[PDB]
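To find a chain, count down the sequence lines: A is the first, B the second, and so on, and within it residues start at 1. Only heavy atoms go into these numbers, but all of them, side chains included; no hydrogens, no water, no symmetry mates.
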Amino acid sequence: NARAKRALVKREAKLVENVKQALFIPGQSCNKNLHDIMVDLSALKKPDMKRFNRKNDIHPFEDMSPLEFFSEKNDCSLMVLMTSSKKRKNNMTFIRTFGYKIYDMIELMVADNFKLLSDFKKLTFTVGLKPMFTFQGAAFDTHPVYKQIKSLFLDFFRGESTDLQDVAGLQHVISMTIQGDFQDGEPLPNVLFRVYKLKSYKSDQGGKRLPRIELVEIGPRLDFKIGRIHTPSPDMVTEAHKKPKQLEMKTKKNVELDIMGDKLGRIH
Amino acid sequence: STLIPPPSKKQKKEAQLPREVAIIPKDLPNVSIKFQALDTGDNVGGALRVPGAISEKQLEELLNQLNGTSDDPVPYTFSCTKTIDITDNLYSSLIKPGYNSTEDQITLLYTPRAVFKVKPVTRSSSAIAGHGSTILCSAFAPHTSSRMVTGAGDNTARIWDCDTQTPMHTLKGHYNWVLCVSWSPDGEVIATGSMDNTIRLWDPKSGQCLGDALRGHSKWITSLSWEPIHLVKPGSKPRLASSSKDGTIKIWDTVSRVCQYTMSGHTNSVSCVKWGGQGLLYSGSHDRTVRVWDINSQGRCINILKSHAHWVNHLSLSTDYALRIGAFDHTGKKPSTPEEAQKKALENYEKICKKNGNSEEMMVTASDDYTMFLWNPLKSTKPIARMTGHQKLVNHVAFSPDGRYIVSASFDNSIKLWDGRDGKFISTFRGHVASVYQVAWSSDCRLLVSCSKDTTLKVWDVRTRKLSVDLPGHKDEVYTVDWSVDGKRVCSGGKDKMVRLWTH
Amino acid sequence: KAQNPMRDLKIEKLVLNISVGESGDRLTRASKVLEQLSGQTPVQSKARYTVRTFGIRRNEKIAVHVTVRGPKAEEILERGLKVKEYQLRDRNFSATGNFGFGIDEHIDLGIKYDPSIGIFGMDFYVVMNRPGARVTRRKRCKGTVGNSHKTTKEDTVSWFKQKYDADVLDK
Amino acid sequence: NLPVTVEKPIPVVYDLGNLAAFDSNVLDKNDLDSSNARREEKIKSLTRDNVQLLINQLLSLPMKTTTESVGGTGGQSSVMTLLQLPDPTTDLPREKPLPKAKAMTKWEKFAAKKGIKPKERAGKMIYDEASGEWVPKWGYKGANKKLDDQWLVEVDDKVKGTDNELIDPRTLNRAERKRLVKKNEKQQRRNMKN
Amino acid sequence: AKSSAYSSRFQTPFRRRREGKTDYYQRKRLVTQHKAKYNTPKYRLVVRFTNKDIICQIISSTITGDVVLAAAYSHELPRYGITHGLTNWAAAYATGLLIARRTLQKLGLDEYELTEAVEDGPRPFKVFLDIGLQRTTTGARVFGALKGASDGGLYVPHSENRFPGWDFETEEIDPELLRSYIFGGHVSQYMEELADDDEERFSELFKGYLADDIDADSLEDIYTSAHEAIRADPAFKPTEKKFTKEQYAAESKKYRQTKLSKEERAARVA
Amino acid sequence: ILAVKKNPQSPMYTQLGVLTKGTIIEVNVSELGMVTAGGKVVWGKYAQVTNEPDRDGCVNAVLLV
RNA sequence: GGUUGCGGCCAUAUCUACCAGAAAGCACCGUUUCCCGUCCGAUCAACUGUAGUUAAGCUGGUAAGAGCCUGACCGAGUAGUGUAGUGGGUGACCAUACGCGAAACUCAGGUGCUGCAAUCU
RNA sequence: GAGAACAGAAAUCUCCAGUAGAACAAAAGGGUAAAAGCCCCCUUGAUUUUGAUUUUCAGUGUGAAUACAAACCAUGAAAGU
């Protein structure tokens with residue numbers, strides 16, 4: 001009973017949130033290619049990851065209730081549905097939920113020119129360290145769709161936040177790049193998802209404090225074509241982006257805290 | 001727990017502002033420098049122009065070339081005159097703050113340093129039991145870091161194996177507290193001076209007592225000293241000097257197990273006796289005086305130094321590390337012959353004594369008048385310098401192994417760092433909250449360890465003059481601390497009856 | 001295969017069980033007779049349900065048992081066989097190569113009767129196994145026994161006939 | 001000795017809290033299309049440039065150093081030097097709404113009206129004067145349940161004239177205690193419904 | 001008689017749980033759990049005992065499978081001078097010392113990473129002890145290997161209540177008995193008692209000691225020389241492989257059974 | 001004196017800061033040089049007042065260790 | 001290519017009956033002074049690898065076995081479901097263009113791939 | 001399912017099979033099996049105490065509650081919880 005209450009308190013809301021957990025759900029149609037790509041993505045997400053095994057007849061753009069059911073049961077705010085069809089081959093649906101209700105959904109398809117984690121056969125990063133991110137393309141900062149993609153992937157692979165970082169834990173970078181620039185009224189370019197491992201060398205030009213960085217590809221290399229979009233409502237956006245303000249000291253005019261910790265007031 | 005203040009909203013915003021990268025410009029013009037030695041002040045090469053992005057190792061290679069030792073380089077350090085050390089490159093060290101323009105010449109002072117590097121001790125390797133009373137004294141073997149000797153108040157000494165952190169031998173000859181222990185500078189015999197006015201010698205390999213005790217002191221032994229190896233002629237063993245509360249210094253021949261001289265000038269308790277490298281003995285007593293005796297002249301008092309207004313508590317010689325180490329090194333190699341041992345010990349002693357023209361052996365005396373006096377007794381009988389600044393008695397004083405710094409541990413919970421040549425004040429190490437009992441150097445003179453009444457050890461970095469690592473773990477007051485010759489282990493002991501071994 | 005010396009049947013254990021029903025001084029006497037019969041301290045039994053007819057409540061003491069392994073088990077087994085004059089039924093042997101029998105009075109085994117102790121019986125049970133039987137009991141890589149290697153009822157009957165040369169009564 | 005200084009027409013913006021770098025420069029699809037043989041090298045080179053700039057910023061961050069030894073609470077030892085990451089700049093949706101405040105209960109409003117300050121809660125031990133012991137005032141072995149184990153109770157004269165004369169006073173006290181507890185639970189349920 | 005419903009509903013464990021040798025409840029806390037959130041990588045000192053070998057490995061978990069950093073086995077003890085008793089407490093201590101010294105030499109701690117750009121001197125190497133499905137008992141050879149690694153120089157966090165000589169009443173250690181156990185004092189005492197009491201048991205057990213003419217008083221000396229040799233030259237020499245890989249493969253496939261084709265299977269059916 | 005922790009007469013006298021016999025106070029112990037097992041410096045502990053300052057004009061306390 | 005330690009995917013890996021396993025490793029196996037734990041040295045703990053064995057353990061192979069898995073240009077862009085041009089029709093209801101879109105059934109198949117280290121007649 | 005004297009359909013002991021078909025909270029459309037079930041060891045501190053930080057009560061606001069955090073505390077070989 002006490003363990004049950006502890007689980008309930010873990011499930012309940014808080015001012016400073018936990019790491020978002022991700023649930024990988026196979027659909028009614030599944031393939032080995034989907035299984036291998038899901039395994040790679042779950043290895044990138046882990047250990048904030050859970051995976052289903054049985055098939056579920058789920059259609060995100062027709063109904064949301066089974067997805068909300070799984071989210072509320074598993075305490076998972078991120079969902080990845082793997083499905084297949086003639087119109088949507090290797091279709092991965094990324095779902096973000098807010099308060100066990102659907103916040104937003106993006107639907108991507110993986111192109112055939114993809115390589116798994118086992119293809120490269122190179123040394124990879126240690127389990128459970130937060131990655132670096134790179135986002136190539138002005139549409140990530142301007143366009144609504146690529147803004148949604150950037151926010152989703154930052155939220156998905158960000159992991160636990162910290163104010164202190166051990167430098168030895170900086171190994172791998174996730175790169176999301178736009179396949180060429182575009183203009184209005186055209187097909188939307190695909191997003192390329194690459195994973196690199198860092199190597200450092202003495203530069204002899206930036207001193208001993210600045211090294212030369214080089215990259216070695218780990219995988220998976222994925223090419224996402226943007227199939228379908230489901231944006232959140234503005235009121236839902238404001239509700240999801242409300243900050244607590246209970247934890248920070250309130251700003252007071254002409255009142256400061258000096259280095260010694262004395263509260264001081266300035267007069268004029 | 002009391003915490004530092006949190007950053008404000010403005011400070012968080014400025015932290016979020018993008019950072020600037022300290023980069024080296026590529027068109028940075030060449031700058032004129034003049035090399036000069038710290039100890040001798042010799043200008044080598046004149047004013048030569050070097051690239052502004054020059055590194056420490058490339059500058060060191062250039063200096064070795066100009067001095068003509070490119071085949072056999074010795075790593076040095078560079079300072080600028082406010083004395084600022086050159087860390088990474090000349091541009092970042094001096095030009096980047098802009099204190100000196102490029103067109104102006106820079107006088108770079110080069111100081112030789114130690115080739116090997118000693119890692120700071122960071123953790124308690126083990127807490128070893130075995131003593132039944134408070135631990136009073138400790139020393140490492142001069143040749144190896146695997147053998148340690150500790151004397152305690154249960155009338156026993158103990159030889160500890162530092163490799164497994166387990167006891168190896170128990171020495172139970174004495175009848176009272178074993179006040180002092182000392183290892184022979186050739187690493188063959190352990191001398192223990194006790195509260196029962198006796199000195200006992202031990203074979204450490206077998207853990208045995210050599211014959212009977214040396215007798216003749218009417219009061220408890222306060223300090224022990226060994227005759228230097230480089231003065232000892234080959235085929236013979238060093239003599240042992242002992243001091244006691246009765247005010248005498250007795251010299252013992254261990255080969256024949258007799259007493260040769262009993263110097264008797266002092267009127268109160270002799271605090272300490274140190275056997276120097278020019279055939280002299282320096283004795284400090286509670287009669288506010290330091291006596292210089294000559295062993296070559298049948299044990300007569302040559303000099304009386306009178307400048308202290310209270311008890312002298314400790315003294316330290318510049319060559320004390322070399323004299324204690326003998327012919328051994330930070331590699332701990334055992335010489336093939338006593339001849340080669342004597343020659344190597346002589347060279348090791350000379351590398352610190354004879355420099356900057358003539359050989360000198362500075363002495364420093366720490367007293368109960370809250371001060372220290374720096375002397376050069378070979379050349380002058382008046383004090384070279386007076387070091388003041390401590391608020392309580394200076395309990396412990398130590399010269400750095402290369403003889404360039406003096407560290408003074410006081411009862412005002414502070415340590416102070418002074419120049420070892422002229423005795424000017426450099427810095428104050430703070431962080432002990434109780435009286436600092438004694439202190440110890442590393443072999444490469446970059447790290448210092450201090451034990452306190454506050455049941456803690458502390459490791460300090462000399463170059464940055466700041467606390468490196470605080471080591472708790474002792475349950476009670478810590479009385480003795482030592483650092484190994486190779487710099488691999490630190491031993492400590494006190495009222496908790498536990499010998500603590502600390503490593504990196 | 002059969003001629004390999006690792007297929008010989010040995011004694012796994014001899015378990016002596018005394019089920020008295022009501023806890024008390026008689027149960028203590030049963031513990032004493034088991035302890036002095038074996039040289040080891042016996043272990044009591046806890047109740048599993050409650051029945052009014054048995055007069056057994058919840059979480060009580062009902063029985064004791066002793067497990068004996070080795071030459072002592074051989075000694076007690078052969079004393080029991082001497083009391084039973086070397087005749088066992090076909091039905092006593094269970095299908096997994098294990099067999100037991102009841103002794104009604106402990107006096108016939110040779111232990112001296114005493115006034116305060118009383119009269120007690122016991123259930124002998126003997127477990128047989130071939131070498132390699134510790135696999136299902138070890139902590140790491142607990143694995144199942146071979147199909148040919150498992151002890152059988154015919155095999156324990158044949159080993160009994162070879163060992164004690166005592167006939168096995170069908171009826 | 002390849003350089004570490006990367007030139008870009010449009011400066012890269014940084015979110016050092018999330019360890020992210022965003023570059024919005026012109027990307028040509030001729031070199032990133034699937035029909036090109038140099039697409040992987042192009043992507044790797046641009047990622048290398050962006051990661052190099054990000055690493056330069058991270059090594060330009062201020063650093064925290066400590067002096068405590070290993071084996072204690074904290075996870076930072078003296079030999080380790082950590083980077084101080086600023087607060088993340090990018091705003092991301094939360095997974096759940098913020099905890100709304102509990103509405104003021106009937107008791108809390110009554111205390112606000114009548115000037116009742118909340119109690120100190122120094123502890124749960126009380127001194128039982130008839131003995132020489134400090135005992136808990138409630139809970140396991142609490143002093144509120146001593147009447148049930150008291151050896152002798154005098155029957156109150158008010159119980160005469162009623163049908164409750166014959167019942168155990170300890171039983172009556174236990175029933176009264178349970179009635180009070182269940183009433184407290186009912187009041188909590190009512191405050192919950194409001 | 002397992003029914004088809006049972007065969008359909010059966011939910012198999014992991015492979016390593018099926019062949020029970022791995023504790024996943026323990027491994028999840030060893031790998032994915034962190035004291036702080038600084039993304040500091042962790043390493044495991046896995047210590048394992050067979051019936052004739054003691055194995056120590058230093059492993060870091062990776063997303064494609066965990067990787068060995070440095071390994072040491074007790075069949076290398078004859079190189080350092082131990083020819084008998086390769087699975088005892090003293091052998092475990094020597095193996096822990098060997099793996100520590102080898103690791104320190106490989107990492108260069110005792111005679112360009114991104115950490116060298118921020119810190120002046122290298123950190124001590126911190127590892128966490130992995131014991132697997134072995135009992136934690138006072139005076140176990142796994143804790144002997146732990147003591148050996150700690151003395152060799154790897155920072156392995158531990159308490160000392162499982163070392164031999166730990167008194168259960170007074171929370172303190174018996175360092176003399178600990179040293180004796182390090183140098184095989186219990187083995188030598190058993191040997192001397194055997195020689196005094198049961199001559200046949202003394203002839204059977206410790207037969208190699210007589211065959212190589214090894215006294216009971218030289219165990220401490222040979223363990224000391226082994227530790228000195230280990231500290232002197234801890235680098236790993238591969239065993240000189242007499243044959244080649246393709247020869248090994250060919251002679252192995254000579255005895256390994258060959259598959260039969262599907263048409264041949266239809267032939268044997270028909 | 002750092003604070004008044006517990007005046008045994010009444011919590012009202014505690015919040016008024018009354019120093020009578022038996023009052024628990026918080027004292028600054030910085031000059032005693034105490035260190036915790038974790039290396040932290042103790043600078044605040046508790047003491048009990050052992051006299052009557054209204055009668056003798058001074059506060060006497062014994063440290064609670 | 002066999003094997004051992006540590007893993008990923010967690011049945012193509014599981015369950016049942018058979019035979020093969022040169023060497024090494026693994027295991028069974030011998031002892032109970034010592035550290036240690038039980039009713040019981042069975043499990044656990046310790047010592048020797050000294051007496052033996054590939055019988056079990058473990059690996060492989062065998063079966064119109066059970067179970068399980070993968071491709072389909074196979075159903076099929078089908079059933080099913082939502083718009084609609086005033087599409088007829090006072091009527092239950094039906095072709096039509098745009099979207100979203102299964103499974104049953106059929107063919108082809110199979111009963112482990114692997115990462116790091118060490119060792120191998 | 002086989003057996004073991006009183007002891008049979010239910011008292012106690014042994015072997016084999018046993019995806020949980022038992023028992024914990026909950027109402028999964030996938031909760032828990034070297035456990036989240038059963039037994040044992042250690043802890044009785046759990047209403048600790050510090051805070052320039054959030055919220056509230058004045059005539060006693062450097063006080064108390066309250067939120068959050070940290071130092072600790074418990075346990076374990078340890079990772080950790």
query: With sequence neighbours excluded, what pairs up with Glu193(E) under the side chain to side chain donor-acceptor pair (under 3.5 Å) test?
result: none
query: Is there a donor on the side chain of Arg121(D) or the base of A65(H) sitting less than 3.5 Å from an acceptor on the other?
result: no
query: Does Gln33(E) make a side-chain donor-acceptor contact with the base of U81(H), cut-off 3.5 Å?
result: no
task: Quick one: label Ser8(E) by what it contacts on the DNA or RNA (base, sugar-phosphate, nothing), any heavy atom closer than 4.0 Å.
output: base
message: For a quick check of understanding: with a heavy-atom distance under 4.0 Å over all strands, which category does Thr144(C) fall into, base, sugar-phosphate or nothing?
response: sugar-phosphate
task: With a 4.0 Å heavy-atom cut-off, tell me which residues in residues 93-102 of chain C come close to RNA chain H, sorted by residue number.
output: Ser94(C), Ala95(C), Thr96(C), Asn98(C), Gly100(C), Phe101(C), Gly102(C)
task: Under 4.0 Å between any heavy atoms, over every strand shown, what does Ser65(A) touch: base, sugar-phosphate, or nothing? Just pick one.
output: base
- prompt: Would you say the ring centroid of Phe52(A) lies under 6.0 angstrom from that of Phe70(A)?
  reply: yes
message: Is it the case that the base of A102(G) and the side chain of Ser29(A) share a donor-acceptor contact (distance under 3.5 Å, atom types as modelled)?
response: no
task: Tell me which residues in residues 122-130 of chain C put a heavy atom below 4.0 Å from RNA chain H, sorted by number, or none.
output: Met122(C), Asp123(C), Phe124(C), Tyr125(C), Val127(C)
message: Under 3.5 Å, is there any donor-acceptor pair linking the side chain of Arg69(C) to the base of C40(G)?
response: yes
Please enumerate all protein N or O atoms sitting under 3.5 Å from an N or O of nucleotides 38-46 of chain H, with distances to 0.1 Å.
none

So which protein nitrogen or oxygen atoms get under 3.5 Å of nucleotides 24-28 of chain H's nitrogens or oxygens?
| from | atom 1 | to | atom 2 | distance (Å) |
| --- | --- | --- | --- | --- |
| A28(H) | OP1 | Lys73(A) | NZ | 2.9 |
| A28(H) | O5' | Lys73(A) | NZ | 3.3 |
| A28(H) | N6 | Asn74(A) | OD1 | 3.4 |
| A28(H) | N1 | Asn74(A) | ND2 | 3.4 |

- request: Name the nucleic acid region contacted by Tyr209(E), choosing base, sugar-phosphate or nothing; use a 4.0 angstrom heavy-atom cut-off, strictly under.
  value: nothing
field: Two-distance pair test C107(G) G71(G), Watson-Crick or wobble, each under 3.5 Å
entry: yes
message: Rounding to an integer number of Å, can you tell me how far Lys259(E) NZ sits from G1(G) P?
response: 16 Å
- prompt: If we only count Watson-Crick and G-U wobble pairs whose two distances fall under 3.5 Å, is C24(H) paired to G31(H)?
  reply: yes
task: Could you check whether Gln11(E) gets within reach of a base, just the sugar-phosphate, or nothing at all, counting any heavy atom under 4.0 Å?
output: base
- prompt: Counting any heavy atom closer than 4.0 Å, what does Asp36(A) reach on the DNA or RNA strands: base, sugar-phosphate only, or nothing?
  reply: nothing
field: Pi stacking test for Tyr255(E) and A22(G): under 5.5 Å apart, planes under 30°
entry: yes
- request: Classify every nucleotide of nucleotides 3-8 of chain G by which part a protein heavy atom approaches to under 4.0 Å, writing B for the base, S for the sugar-phosphate alone and - for neither, in 5'-to-3' order.
  value: --BBBB
- request: Starting at atom CZ of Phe10(E), determine the distance to atom P of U14(G), rounded to an integer number of angstrom.
  value: 10 Å
field: Euclidean distance, atom NZ of residue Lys28(E) to atom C1' of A79(H) [Å, nearest integer]
entry: 11 Å
- request: Could you tell me the separation between the NZ atom of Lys55(A) and the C1' atom of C69(G), rounded to a whole number of Å?
  value: 10 Å
task: Could you check whether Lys250(A) gets within reach of a base, just the sugar-phosphate, or nothing at all, counting any heavy atom under 4.0 Å?
output: sugar-phosphate
query: Is the base of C35(G) touched by the side chain of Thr138(E) through a donor-acceptor pair closer than 3.5 angstrom?
result: no
query: Residues two or more places apart in sequence or in another chain: which of them pass side chain to side chain donor-acceptor pair (under 3.5 Å) with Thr41(C)?
result: none
message: Does anything in residues 134-150 of chain C form a salt bridge (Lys or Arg N to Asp or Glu O under 4.0 Å)? List the pairs, not counting sequence neighbours.
response: none
field: Residue pairs involving residues 129-142 of chain E (criterion salt bridge (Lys or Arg N to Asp or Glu O under 4.0 Å); sequence neighbours excluded)
entry: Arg44(E)-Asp130(E), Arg48(E)-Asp130(E)
When the side chains of residues 250-260 of chain E are checked against the rest of the protein, which donor-acceptor pairs come out under 3.5 Å, sequence neighbours left out?
| from | atom 1 | to | atom 2 | distance (Å) |
| --- | --- | --- | --- | --- |
| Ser252(E) | OG | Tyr248(E) | O | 2.4 |

Rounded distance in Å - NZ (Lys13(C)) to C1' (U38(G)): 13 Å
- request: Identify the nucleotide, in any strand shown, that forms a Watson-Crick or G-U wobble pair with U83(G), with both distances under 3.5 Å; if there is none, say none.
  value: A97(G)
task: Give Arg228(A) one of three labels, base, sugar-phosphate or nothing, depending on what nucleic acid heavy atoms sit under 4.0 Å from its own.
output: sugar-phosphate
field: Contacts of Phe69(A) that satisfy ring-ring contact (aromatic ring centres under 6.0 Å, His included) - sequence neighbours left out
entry: none
message: Using a heavy-atom cut-off of 4.0 Å across all strands, would you classify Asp258(A) as base, sugar-phosphate, or nothing?
response: nothing
field: Sugar-phosphate, base or nothing in reach of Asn92(C), heavy atoms under 4.0 Å
entry: sugar-phosphate
field: Sidechain N-carboxylate O distance under 4.0 Å for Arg69(C), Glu12(C)
entry: yes
- request: Measure from the side-chain heavy atoms of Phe206(E) and tell me the nearest of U48(G), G2(G), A78(H).
  value: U48(G)
Under-3.5 Å N/O pairs linking protein and nucleotides 77-80 of chain G:
| from | atom 1 | to | atom 2 | distance (Å) |
| --- | --- | --- | --- | --- |
| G77(G) | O6 | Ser85(A) | OG | 2.8 |
| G77(G) | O6 | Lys86(A) | N | 3.3 |
| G77(G) | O6 | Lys87(A) | N | 3.1 |

message: Which is more 5' along RNA chain H, the nucleotide nearest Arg17(E) or the one nearest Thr136(C)? Just name the residue.
response: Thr136(C)
- prompt: Under a 3.5 Å rule for both distances, is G89(G) the Watson-Crick or G-U wobble partner of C105(G)?
  reply: no
task: Let me know the distance between CG of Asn4(C) and P of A55(G), rounded to the nearest Å.
output: 7 Å
- prompt: Checking all strands, does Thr124(A) fall into the base, sugar-phosphate, or nothing category for heavy-atom contacts under 4.0 angstrom?
  reply: nothing
